[PDB]
>>> print(open('my_file.pdb').read())   # PDB, N, CA and C atoms
ATOM      1  N   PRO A   1      14.262   8.936  -4.518  1.00  0.00           N
ATOM      2  CA  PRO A   1      12.961   8.565  -5.073  1.00  0.00           C
ATOM      3  C   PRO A   1      12.605   7.111  -4.816  1.00  0.00           C
ATOM      4  N   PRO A   2      11.301   6.799  -4.831  1.00  0.00           N
ATOM      5  CA  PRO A   2      10.730   5.469  -4.608  1.00  0.00           C
ATOM      6  C   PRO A   2      11.105   4.448  -5.660  1.00  0.00           C
ATOM      7  N   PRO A   3      10.775   3.181  -5.415  1.00  0.00           N
ATOM      8  CA  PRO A   3      11.078   2.125  -6.374  1.00  0.00           C
ATOM      9  C   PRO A   3      10.063   2.206  -7.505  1.00  0.00           C
ATOM     10  N   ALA A   4      10.256   1.378  -8.523  1.00  0.00           N
ATOM     11  CA  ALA A   4       9.349   1.359  -9.668  1.00  0.00           C
ATOM     12  C   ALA A   4       7.940   0.957  -9.215  1.00  0.00           C
ATOM     13  N   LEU A   5       6.930   1.617  -9.773  1.00  0.00           N
ATOM     14  CA  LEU A   5       5.525   1.299  -9.468  1.00  0.00           C
ATOM     15  C   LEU A   5       5.178   0.085 -10.328  1.00  0.00           C
ATOM     16  N   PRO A   6       4.715  -1.006  -9.707  1.00  0.00           N
ATOM     17  CA  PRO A   6       4.382  -2.185 -10.520  1.00  0.00           C
ATOM     18  C   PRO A   6       3.149  -1.969 -11.401  1.00  0.00           C
ATOM     19  N   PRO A   7       3.067  -2.676 -12.542  1.00  0.00           N
ATOM     20  CA  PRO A   7       1.879  -2.480 -13.383  1.00  0.00           C
ATOM     21  C   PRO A   7       0.682  -3.095 -12.667  1.00  0.00           C
ATOM     22  N   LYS A   8      -0.515  -2.586 -12.929  1.00  0.00           N
ATOM     23  CA  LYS A   8      -1.708  -3.188 -12.344  1.00  0.00           C
ATOM     24  C   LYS A   8      -2.217  -4.219 -13.355  1.00  0.00           C
ATOM     25  N   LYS A   9      -2.744  -5.323 -12.852  1.00  0.00           N
ATOM     26  CA  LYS A   9      -3.263  -6.358 -13.729  1.00  0.00           C
ATOM     27  C   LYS A   9      -4.774  -6.186 -13.873  1.00  0.00           C
TER      28      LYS A   9
ATOM     29  N   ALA B 134      -3.568  -8.396  12.374  1.00  0.00           N
ATOM     30  CA  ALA B 134      -3.258  -9.594  11.545  1.00  0.00           C
ATOM     31  C   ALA B 134      -2.012  -9.362  10.701  1.00  0.00           C
ATOM     32  N   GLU B 135      -2.178  -8.861   9.482  1.00  0.00           N
ATOM     33  CA  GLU B 135      -1.026  -8.616   8.626  1.00  0.00           C
ATOM     34  C   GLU B 135      -0.777  -7.130   8.453  1.00  0.00           C
ATOM     35  N   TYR B 136       0.366  -6.678   8.949  1.00  0.00           N
ATOM     36  CA  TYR B 136       0.742  -5.268   8.857  1.00  0.00           C
ATOM     37  C   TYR B 136       1.999  -5.072   8.041  1.00  0.00           C
ATOM     38  N   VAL B 137       2.047  -3.950   7.334  1.00  0.00           N
ATOM     39  CA  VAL B 137       3.232  -3.584   6.561  1.00  0.00           C
ATOM     40  C   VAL B 137       3.550  -2.135   6.962  1.00  0.00           C
ATOM     41  N   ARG B 138       4.788  -1.715   6.712  1.00  0.00           N
ATOM     42  CA  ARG B 138       5.204  -0.357   7.012  1.00  0.00           C
ATOM     43  C   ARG B 138       5.624   0.288   5.690  1.00  0.00           C
ATOM     44  N   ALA B 139       5.187   1.526   5.456  1.00  0.00           N
ATOM     45  CA  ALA B 139       5.529   2.259   4.242  1.00  0.00           C
ATOM     46  C   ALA B 139       7.011   2.624   4.218  1.00  0.00           C
ATOM     47  N   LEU B 140       7.686   2.292   3.120  1.00  0.00           N
ATOM     48  CA  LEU B 140       9.110   2.625   2.939  1.00  0.00           C
ATOM     49  C   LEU B 140       9.284   3.980   2.248  1.00  0.00           C
ATOM     50  N   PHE B 141       8.224   4.420   1.563  1.00  0.00           N
ATOM     51  CA  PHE B 141       8.191   5.666   0.792  1.00  0.00           C
ATOM     52  C   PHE B 141       6.796   6.274   0.798  1.00  0.00           C
ATOM     53  N   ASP B 142       6.704   7.552   0.441  1.00  0.00           N
ATOM     54  CA  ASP B 142       5.399   8.200   0.362  1.00  0.00           C
ATOM     55  C   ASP B 142       4.774   7.646  -0.915  1.00  0.00           C
ATOM     56  N   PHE B 143       3.449   7.638  -0.966  1.00  0.00           N
ATOM     57  CA  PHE B 143       2.740   7.200  -2.152  1.00  0.00           C
ATOM     58  C   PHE B 143       1.452   8.000  -2.265  1.00  0.00           C
ATOM     59  N   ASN B 144       1.166   8.536  -3.450  1.00  0.00           N
ATOM     60  CA  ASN B 144      -0.087   9.265  -3.648  1.00  0.00           C
ATOM     61  C   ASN B 144      -1.002   8.528  -4.616  1.00  0.00           C
ATOM     62  N   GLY B 145      -0.431   7.976  -5.678  1.00  0.00           N
ATOM     63  CA  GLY B 145      -1.221   7.235  -6.659  1.00  0.00           C
ATOM     64  C   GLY B 145      -1.953   8.088  -7.686  1.00  0.00           C
ATOM     65  N   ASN B 146      -2.101   7.563  -8.905  1.00  0.00           N
ATOM     66  CA  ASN B 146      -2.813   8.298  -9.933  1.00  0.00           C
ATOM     67  C   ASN B 146      -4.250   7.828 -10.126  1.00  0.00           C
ATOM     68  N   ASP B 147      -4.606   6.709  -9.501  1.00  0.00           N
ATOM     69  CA  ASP B 147      -5.963   6.174  -9.610  1.00  0.00           C
ATOM     70  C   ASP B 147      -6.771   6.455  -8.343  1.00  0.00           C
ATOM     71  N   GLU B 148      -8.067   6.682  -8.513  1.00  0.00           N
ATOM     72  CA  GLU B 148      -8.928   6.976  -7.384  1.00  0.00           C
ATOM     73  C   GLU B 148      -9.047   5.827  -6.359  1.00  0.00           C
ATOM     74  N   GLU B 149      -8.776   4.602  -6.791  1.00  0.00           N
ATOM     75  CA  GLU B 149      -8.833   3.439  -5.899  1.00  0.00           C
ATOM     76  C   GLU B 149      -7.617   3.330  -4.969  1.00  0.00           C
ATOM     77  N   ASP B 150      -6.580   4.122  -5.247  1.00  0.00           N
ATOM     78  CA  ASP B 150      -5.336   4.083  -4.487  1.00  0.00           C
ATOM     79  C   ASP B 150      -5.432   4.696  -3.105  1.00  0.00           C
ATOM     80  N   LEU B 151      -4.734   4.096  -2.150  1.00  0.00           N
ATOM     81  CA  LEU B 151      -4.698   4.620  -0.779  1.00  0.00           C
ATOM     82  C   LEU B 151      -3.386   5.391  -0.601  1.00  0.00           C
ATOM     83  N   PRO B 152      -3.446   6.733  -0.492  1.00  0.00           N
ATOM     84  CA  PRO B 152      -2.198   7.496  -0.313  1.00  0.00           C
ATOM     85  C   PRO B 152      -1.662   7.198   1.079  1.00  0.00           C
ATOM     86  N   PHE B 153      -0.346   7.259   1.255  1.00  0.00           N
ATOM     87  CA  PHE B 153       0.300   7.067   2.567  1.00  0.00           C
ATOM     88  C   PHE B 153       1.647   7.768   2.550  1.00  0.00           C
ATOM     89  N   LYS B 154       2.268   7.859   3.719  1.00  0.00           N
ATOM     90  CA  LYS B 154       3.578   8.507   3.880  1.00  0.00           C
ATOM     91  C   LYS B 154       4.563   7.511   4.478  1.00  0.00           C
ATOM     92  N   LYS B 155       5.834   7.685   4.127  1.00  0.00           N
ATOM     93  CA  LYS B 155       6.893   6.834   4.654  1.00  0.00           C
ATOM     94  C   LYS B 155       6.726   6.702   6.178  1.00  0.00           C
ATOM     95  N   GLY B 156       6.748   5.472   6.678  1.00  0.00           N
ATOM     96  CA  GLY B 156       6.617   5.278   8.109  1.00  0.00           C
ATOM     97  C   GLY B 156       5.254   4.807   8.568  1.00  0.00           C
ATOM     98  N   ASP B 157       4.206   5.084   7.786  1.00  0.00           N
ATOM     99  CA  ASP B 157       2.842   4.651   8.133  1.00  0.00           C
ATOM    100  C   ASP B 157       2.751   3.131   8.239  1.00  0.00           C
ATOM    101  N   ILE B 158       1.903   2.663   9.152  1.00  0.00           N
ATOM    102  CA  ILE B 158       1.658   1.231   9.328  1.00  0.00           C
ATOM    103  C   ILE B 158       0.274   0.967   8.725  1.00  0.00           C
ATOM    104  N   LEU B 159       0.211   0.027   7.780  1.00  0.00           N
ATOM    105  CA  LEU B 159      -1.037  -0.283   7.096  1.00  0.00           C
ATOM    106  C   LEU B 159      -1.367  -1.734   7.323  1.00  0.00           C
ATOM    107  N   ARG B 160      -2.657  -2.038   7.428  1.00  0.00           N
ATOM    108  CA  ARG B 160      -3.073  -3.418   7.631  1.00  0.00           C
ATOM    109  C   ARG B 160      -3.563  -3.946   6.286  1.00  0.00           C
ATOM    110  N   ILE B 161      -3.087  -5.120   5.917  1.00  0.00           N
ATOM    111  CA  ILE B 161      -3.455  -5.720   4.643  1.00  0.00           C
ATOM    112  C   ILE B 161      -4.803  -6.434   4.741  1.00  0.00           C
ATOM    113  N   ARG B 162      -5.691  -6.098   3.830  1.00  0.00           N
ATOM    114  CA  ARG B 162      -7.008  -6.690   3.821  1.00  0.00           C
ATOM    115  C   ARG B 162      -7.230  -7.708   2.723  1.00  0.00           C
ATOM    116  N   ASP B 163      -6.574  -7.535   1.576  1.00  0.00           N
ATOM    117  CA  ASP B 163      -6.810  -8.446   0.463  1.00  0.00           C
ATOM    118  C   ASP B 163      -5.645  -8.377  -0.520  1.00  0.00           C
ATOM    119  N   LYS B 164      -5.421  -9.476  -1.234  1.00  0.00           N
ATOM    120  CA  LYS B 164      -4.351  -9.563  -2.230  1.00  0.00           C
ATOM    121  C   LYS B 164      -4.933 -10.013  -3.576  1.00  0.00           C
ATOM    122  N   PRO B 165      -5.671  -9.110  -4.244  1.00  0.00           N
ATOM    123  CA  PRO B 165      -6.277  -9.443  -5.529  1.00  0.00           C
ATOM    124  C   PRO B 165      -5.244  -9.620  -6.639  1.00  0.00           C
ATOM    125  N   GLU B 166      -4.024  -9.135  -6.404  1.00  0.00           N
ATOM    126  CA  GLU B 166      -2.922  -9.239  -7.367  1.00  0.00           C
ATOM    127  C   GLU B 166      -1.647  -9.444  -6.564  1.00  0.00           C
ATOM    128  N   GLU B 167      -0.591  -9.886  -7.239  1.00  0.00           N
ATOM    129  CA  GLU B 167       0.678 -10.103  -6.565  1.00  0.00           C
ATOM    130  C   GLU B 167       1.315  -8.813  -6.027  1.00  0.00           C
ATOM    131  N   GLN B 168       1.274  -7.733  -6.825  1.00  0.00           N
ATOM    132  CA  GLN B 168       1.935  -6.479  -6.461  1.00  0.00           C
ATOM    133  C   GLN B 168       1.103  -5.284  -6.008  1.00  0.00           C
ATOM    134  N   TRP B 169      -0.220  -5.430  -5.987  1.00  0.00           N
ATOM    135  CA  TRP B 169      -1.133  -4.379  -5.565  1.00  0.00           C
ATOM    136  C   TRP B 169      -2.107  -5.037  -4.584  1.00  0.00           C
ATOM    137  N   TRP B 170      -2.094  -4.557  -3.342  1.00  0.00           N
ATOM    138  CA  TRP B 170      -2.939  -5.114  -2.289  1.00  0.00           C
ATOM    139  C   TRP B 170      -3.900  -4.067  -1.732  1.00  0.00           C
ATOM    140  N   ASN B 171      -5.028  -4.511  -1.195  1.00  0.00           N
ATOM    141  CA  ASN B 171      -5.969  -3.574  -0.562  1.00  0.00           C
ATOM    142  C   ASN B 171      -5.547  -3.507   0.917  1.00  0.00           C
ATOM    143  N   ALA B 172      -5.448  -2.283   1.430  1.00  0.00           N
ATOM    144  CA  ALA B 172      -5.013  -2.068   2.803  1.00  0.00           C
ATOM    145  C   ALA B 172      -5.851  -1.007   3.522  1.00  0.00           C
ATOM    146  N   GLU B 173      -5.689  -0.958   4.836  1.00  0.00           N
ATOM    147  CA  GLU B 173      -6.406  -0.018   5.685  1.00  0.00           C
ATOM    148  C   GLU B 173      -5.382   0.778   6.483  1.00  0.00           C
ATOM    149  N   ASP B 174      -5.582   2.100   6.551  1.00  0.00           N
ATOM    150  CA  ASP B 174      -4.677   2.970   7.315  1.00  0.00           C
ATOM    151  C   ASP B 174      -5.182   3.214   8.751  1.00  0.00           C
ATOM    152  N   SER B 175      -4.415   3.965   9.542  1.00  0.00           N
ATOM    153  CA  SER B 175      -4.756   4.187  10.942  1.00  0.00           C
ATOM    154  C   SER B 175      -6.049   4.963  11.201  1.00  0.00           C
ATOM    155  N   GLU B 176      -6.582   5.615  10.163  1.00  0.00           N
ATOM    156  CA  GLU B 176      -7.840   6.367  10.254  1.00  0.00           C
ATOM    157  C   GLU B 176      -8.992   5.510   9.718  1.00  0.00           C
ATOM    158  N   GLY B 177      -8.674   4.282   9.299  1.00  0.00           N
ATOM    159  CA  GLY B 177      -9.688   3.393   8.767  1.00  0.00           C
ATOM    160  C   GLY B 177      -9.952   3.525   7.271  1.00  0.00           C
ATOM    161  N   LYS B 178      -9.194   4.364   6.555  1.00  0.00           N
ATOM    162  CA  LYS B 178      -9.397   4.486   5.110  1.00  0.00           C
ATOM    163  C   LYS B 178      -8.817   3.260   4.392  1.00  0.00           C
ATOM    164  N   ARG B 179      -9.449   2.870   3.279  1.00  0.00           N
ATOM    165  CA  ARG B 179      -9.051   1.697   2.489  1.00  0.00           C
ATOM    166  C   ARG B 179      -8.670   2.075   1.078  1.00  0.00           C
ATOM    167  N   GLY B 180      -7.781   1.285   0.485  1.00  0.00           N
ATOM    168  CA  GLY B 180      -7.399   1.533  -0.890  1.00  0.00           C
ATOM    169  C   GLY B 180      -6.283   0.620  -1.344  1.00  0.00           C
ATOM    170  N   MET B 181      -5.918   0.712  -2.621  1.00  0.00           N
ATOM    171  CA  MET B 181      -4.857  -0.116  -3.189  1.00  0.00           C
ATOM    172  C   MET B 181      -3.488   0.481  -2.935  1.00  0.00           C
ATOM    173  N   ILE B 182      -2.524  -0.380  -2.619  1.00  0.00           N
ATOM    174  CA  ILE B 182      -1.150   0.050  -2.351  1.00  0.00           C
ATOM    175  C   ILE B 182      -0.143  -0.833  -3.098  1.00  0.00           C
ATOM    176  N   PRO B 183       0.955  -0.223  -3.591  1.00  0.00           N
ATOM    177  CA  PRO B 183       1.992  -0.968  -4.322  1.00  0.00           C
ATOM    178  C   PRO B 183       2.925  -1.699  -3.354  1.00  0.00           C
ATOM    179  N   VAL B 184       3.006  -3.012  -3.506  1.00  0.00           N
ATOM    180  CA  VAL B 184       3.837  -3.827  -2.625  1.00  0.00           C
ATOM    181  C   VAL B 184       5.299  -3.378  -2.497  1.00  0.00           C
ATOM    182  N   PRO B 185       5.954  -2.962  -3.613  1.00  0.00           N
ATOM    183  CA  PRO B 185       7.353  -2.525  -3.512  1.00  0.00           C
ATOM    184  C   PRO B 185       7.586  -1.336  -2.586  1.00  0.00           C
ATOM    185  N   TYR B 186       6.532  -0.573  -2.281  1.00  0.00           N
ATOM    186  CA  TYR B 186       6.677   0.605  -1.434  1.00  0.00           C
ATOM    187  C   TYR B 186       6.569   0.305   0.063  1.00  0.00           C
ATOM    188  N   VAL B 187       6.337  -0.956   0.414  1.00  0.00           N
ATOM    189  CA  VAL B 187       6.178  -1.313   1.824  1.00  0.00           C
ATOM    190  C   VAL B 187       7.023  -2.533   2.183  1.00  0.00           C
ATOM    191  N   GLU B 188       7.166  -2.746   3.488  1.00  0.00           N
ATOM    192  CA  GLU B 188       7.930  -3.867   4.015  1.00  0.00           C
ATOM    193  C   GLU B 188       7.047  -4.528   5.070  1.00  0.00           C
ATOM    194  N   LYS B 189       7.330  -5.792   5.365  1.00  0.00           N
ATOM    195  CA  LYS B 189       6.565  -6.504   6.379  1.00  0.00           C
ATOM    196  C   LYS B 189       6.817  -5.870   7.756  1.00  0.00           C
ATOM    197  N   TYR B 190       5.777  -5.847   8.577  1.00  0.00           N
ATOM    198  CA  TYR B 190       5.865  -5.313   9.941  1.00  0.00           C
ATOM    199  C   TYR B 190       6.007  -6.473  10.951  1.00  0.00           C
TER     200      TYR B 190
END
>>> encode(input="my_file.pdb", output="structure tokens")
Amino acid sequence: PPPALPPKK
Amino acid sequence: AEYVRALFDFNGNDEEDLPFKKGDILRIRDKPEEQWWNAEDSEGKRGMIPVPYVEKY
């Protein structure tokens, strides 16, 4: 699986 | 100019997101945030992409 999805600002 | 390569597939839950598949080459158009950039794919589609899912080309 992919890395963590960053939060959007 | 600035190209990145997808390390993983990405679909996104927001309509502004640009889906892509591992291996795709995307051109970076804007960096409105540190971790989410606007990019263009090989068909000319535009959208937001997560920086952790790509690497520099």
>>> interface_residues(input="my_file.pdb", of="chain B", to="chain A", cutoff="7 Å", atoms="only N, CA and C atoms", output="count of residues only")
9
>>> residues_around(input="my_file.pdb", residues="range 147-151 of chain B", least_positions_apart="4", cutoff="6.5 Å", atoms="all atoms listed in the file", output="PyMOL selection string")
chain B and resi 143+179-182
>>> resolve_selection(input="my_file.pdb", expression="the PyMOL selection byres ((chain B and resi 135) around 7)", output="PyMOL selection string")
chain B and resi 134+136-137+159-162+190
>>> atom_distance(input="my_file.pdb", atom1="CA of residue 175 in chain B", atom2="atom C of residue 152 in chain B")
10.8 Å
>>> select_by_dssp(input="my_file.pdb", residues="chain B", states="strand (DSSP E)", output="PyMOL selection string")
chain B and resi 136-139+158-163+169-173+179-183+187-189
>>> atom_distance(input="my_file.pdb", atom1="CA of residue 177 in chain B", atom2="atom C of residue 138 in chain B")
15.9 Å
>>> atom_distance(input="my_file.pdb", atom1="atom C of residue 174 in chain B", atom2="atom N of residue 146 in chain B")
18.4 Å
>>> closest_residue(input="my_file.pdb", among="B:164, B:178, B:189, B:155", to="residue 139 in chain B", atoms="all atoms listed in the file")
B:155
>>> axis_aligned_box(input="my_file.pdb", around="range 159-169 of chain B", padding_each_side="8 Å", output="JSON")
{"center_x": -2.6, "center_y": -5.0, "center_z": 0.2, "size_x": 25.2, "size_y": 26.1, "size_z": 31.1}
>>> decode(input="my_file.pdb", residues="chain A", atoms="N, CA and C atoms", output="compact mmCIF listing (two decimals), in the first residue's frame")
# COMPACT_ATOMS: atom_id res chain seq x y z
N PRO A 1 0.81 -1.22 0.00
CA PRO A 1 0.00 0.00 0.00
C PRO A 1 0.84 1.27 0.00
N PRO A 2 0.26 2.37 -0.48
CA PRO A 2 0.88 3.70 -0.58
C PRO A 2 1.23 4.32 0.76
N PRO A 3 1.96 5.43 0.73
CA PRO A 3 2.34 6.12 1.96
C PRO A 3 1.13 6.89 2.46
N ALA A 4 1.26 7.49 3.64
CA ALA A 4 0.17 8.26 4.23
C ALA A 4 -0.18 9.44 3.32
N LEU A 5 -1.48 9.72 3.19
CA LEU A 5 -1.96 10.86 2.39
C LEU A 5 -1.82 12.08 3.29
N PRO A 6 -1.09 13.11 2.84
CA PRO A 6 -0.94 14.29 3.69
C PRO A 6 -2.24 15.08 3.85
N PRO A 7 -2.40 15.79 4.98
CA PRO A 7 -3.65 16.56 5.13
C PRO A 7 -3.61 17.73 4.15
N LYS A 8 -4.77 18.20 3.71
CA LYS A 8 -4.81 19.37 2.84
C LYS A 8 -4.95 20.59 3.75
N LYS A 9 -4.31 21.68 3.37
CA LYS A 9 -4.40 22.89 4.17
C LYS A 9 -5.47 23.81 3.58
